[PDB]
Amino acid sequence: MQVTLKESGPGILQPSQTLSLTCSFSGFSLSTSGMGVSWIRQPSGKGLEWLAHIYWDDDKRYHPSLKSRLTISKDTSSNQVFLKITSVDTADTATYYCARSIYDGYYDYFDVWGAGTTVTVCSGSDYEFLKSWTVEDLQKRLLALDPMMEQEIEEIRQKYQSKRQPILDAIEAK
């Protein structure tokens, strides 16, 4: 019946690497004229930035600011659309949606949106220093991250509980 889109991301990358994304969809094909799918990305707490597009006739569009980095691909039989971004830096950390637009020549807008995927560009220092350490010394720091991580997560939990509390108190009151 209707249209869905699902983006498959890698989660995390280090700088300069080729970020690759998949967008699978159902309910329409890129063998139908007028069908097209474009990539849009949204930095955390910032606005939408459109990226690329691709049509049934294999015709591509690109952000002019980044075109040299971008490349868009499609798989008509498999109903997949790929976005590759090369030589990534911090400015690429964002939530990458995938959307459909029908081209009639008049209004060209994004009628259906996937859930999106979130990528983080590891701000990457030289980490050669570690190679001096042996296994057990490296295990120590690996073990330390899990309690450190869960503390920042419960902090986000407590932060949202304090946000819930005024509304909760508003419910029980009346």
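Heads up: residue numbers just count along the shown sequence, starting at 1.
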item: Comparing 28 to 36 with 136 to 144, the one whose average Cα B-factor in the PDB entry is higher; value: 136 to 144
item: Mean temperature factor over C-alpha atoms, higher-scoring stretch between 48 to 56 and 120 to 128; value: 120 to 128
item: Deposited CA B-factor, highest of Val81, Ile102, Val88, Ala99; value: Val88
item: Third of the chain's Cα B-factor distribution that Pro64 belongs to, per the entry; value: highest
item: Chain-wide C-alpha B factor ranking for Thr95, given as lowest, middle or highest third; value: lowest
item: Third of chain Cα B-factors occupied by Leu168; value: middle
item: Chain third (lowest, middle, highest) by recorded CA B-factor, residue given as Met1; value: highest
item: Within-chain third of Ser20 by Cα B-factor, per the entry; value: middle
